Amino acid sequence: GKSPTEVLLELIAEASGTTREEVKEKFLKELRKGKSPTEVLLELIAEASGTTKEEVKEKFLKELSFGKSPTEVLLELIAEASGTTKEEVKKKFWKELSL
Ligand code: NA
Ligand code: NA
């Protein structure tokens, strides 16, 4: 998938055991309710890990407060959700972006 968002949604699908289109459609529908893309990604990640959305959102925000970058944090959260390494998820991200 071309864009960074599309690649994140693909990674979330893999972590969720759902299709890329299913995740995309959930993402689009939530945006239509007036949510922001970052907020929606965090909810999707929470769903994928079986964790509450508030817990995932607070972790994100705390990491940002430490001076981490948003995409980096999202990747780390996706890695937590799939039980894979941060390094493995980041590799996939850059690979998929690359094509
Ligand atoms: Na499925
Ligand atoms: Na983003």
Side-chain angles (χ1 to χ4, degrees), residues 1-52 54-67 69-99:
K2 271 292 150 213
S3 75
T5 299
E6 229 176 348
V7 177
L8 293 171
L9 292 169
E10 290 184 357
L11 293 171
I12 294 165
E14 198 159 21
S16 297
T18 55
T19 72
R20 300 157 166 192
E21 285 300 305
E22 280 170 339
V23 170
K24 181 178 186 173
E25 294 285 354
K26 285 162 75 176
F27 177 81
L28 296 176
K29 174 214 282 246
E30 295 299 323
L31 291 177
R32 285 196 296 274
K33 297 178 188 182
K35 292 176 194 173
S36 77
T38 301
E39 191 183 7
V40 183
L41 289 169
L42 290 166
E43 292 182 0
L44 291 166
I45 292 162
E47 190 146 280
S49 42
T51 293
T52 68
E54 15 297 301
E55 184 166 327
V56 173
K57 292 170 184 179
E58 286 294 335
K59 185 44 158 35
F60 179 83
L61 294 175
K62 175 170 188 112
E63 294 294 299
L64 284 188
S65 291
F66 291 147
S69 298
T71 301
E72 187 163 283
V73 182
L74 291 168
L75 293 164
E76 296 188 355
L77 292 171
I78 293 166
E80 284 169 55
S82 49
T84 177
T85 69
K86 307 139 302 181
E87 299 302 295
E88 182 159 329
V89 173
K90 289 175 195 174
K91 59 152 172 86
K92 284 175 171 187
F93 175 84
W94 287 103
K95 255 171 216 183
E96 285 303 308
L97 204 67
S98 284
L99 66 88

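If you read the sequence from its start, that first residue is 1, and numbering goes on from there. Below, all heavy atoms of this structure are taken into account, side chains as well, without hydrogens, waters or symmetry copies.
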Could you work out, with salt bridge (charged side-chain N to carboxylate O under 4.0 Å, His left out) as the rule, every residue matching [X], not counting sequence neighbours?
| X | value |
| --- | --- |
| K95 | none |
| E10 | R20 |
| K24 | none |

Are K59 and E63 close enough for a salt bridge, meaning some N to O gap below 4.0 Å?
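Here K59 pairs with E63 in a salt bridge, since their nearest N and O are under 4.0 Å apart.
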State the NZ-NZ distance between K29 and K33, to the nearest 0.5 angstrom.
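These two atoms lie 6.5 Å from each other.
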Listed partners of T38 passing side-chain contact (heavy atoms from CB on, under 4.5 Å), at least two apart
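With neighbours one apart ignored, the set is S36, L42, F60.
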Which residues satisfy the side-chain contact (heavy atoms from CB on, under 4.5 Å) test with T84, sequence neighbours excluded?
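Partners of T84 under the side-chain contact (heavy atoms from CB on, under 4.5 Å) test: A79, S82, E88, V89.
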Positive for side chain to side chain contact (heavy atoms under 4.5 Å, CB included) with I12, one of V23, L77, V7, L74:
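Output: one option passes, namely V23.
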Which residues share a side chain to side chain donor-acceptor pair (under 3.5 Å) with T85, sequence neighbours left out:
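For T85 there are no side chain to side chain donor-acceptor pair (under 3.5 Å) partners, ignoring immediate neighbours.
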Side chains of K90 and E72: closer than 4.5 Å at any heavy-atom pair?
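They are in contact (side-chain heavy atoms under 4.5 Å apart), so the answer is yes.
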How about NZ on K91, more than 12 heavy atoms from neighbouring residues, nucleotides or ligands closer than 6.0 Å, or not?
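Enclosed: over 12 neighbouring heavy atoms sit under 6.0 Å from NZ of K91.
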